[PDB]
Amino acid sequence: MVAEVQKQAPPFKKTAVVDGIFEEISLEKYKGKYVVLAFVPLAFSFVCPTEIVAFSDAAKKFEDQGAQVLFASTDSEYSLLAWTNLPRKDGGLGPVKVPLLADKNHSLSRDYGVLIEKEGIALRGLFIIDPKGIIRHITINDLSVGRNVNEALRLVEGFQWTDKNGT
């Protein structure tokens, strides 16, 4: 069960940090809406999280497009929680407006094809999954360079439009 465009997205149920407390998040929870699943390699890394912040700030634009953004990493929910509790002035992430999923056992990263087995971390993959659970897009960047928030919005708007016309 790897993830491929046109196929059903691998299901998941993962403990996540939502507004500073733990919640069990599954894909089935968002059935009917678009989901944008986006991975990041490590918490507390020496790379500024501008990428997660950009998606956090656009949370509401996604919600208006009928979509929910979810982030995911191979850190525990405790590491990710602490990451949010450590403000940005002090080198952390600060609170955020999107769930952060703790993929400690690596199943998520493996099923979505982004895990770097030797290293224990996910590549910067991003998947857009439609209301019926079909993957309609895959981006995967090496770690050095980030993703564009507007691309995800453009694509979601694109797939909605085509969902409700010919194509």
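Residue numbers run from 1 along the displayed sequence.
Chemist: Using the B-factor values recorded in the entry, state whether the Cα atom of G133 falls in the lowest, middle or highest third among the modelled residues of its chain.
Modeler: Lowest third of the chain for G133's C-alpha B-factor.
Chemist: Consider only the C-alpha atoms of the modelled residues in this chain, order them by B-factor as the entry records it, and name the third containing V36: lowest, middle or highest.
Modeler: Within its chain, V36 is a middle-third residue by C-alpha B-factor, going by the deposited values.
Chemist: Would you mind checking where the Cα B-factor of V47 ranks among the modelled residues of its chain, as the lowest, middle or highest third?
Modeler: Ranked within chain, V47 CA B lands in the highest tercile.
Chemist: Divide the modelled residues of the chain into thirds by Cα B-factor and specify which third, lowest, middle or highest, holds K104.
Modeler: Its C-alpha B-factor belongs to the lowest third of this chain's values.
Chemist: Relative to the other modelled residues of the same chain, rank the CA B-factor of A3 and answer lowest, middle or highest third.
Modeler: Tercile = lowest for this residue's CA B-factor.
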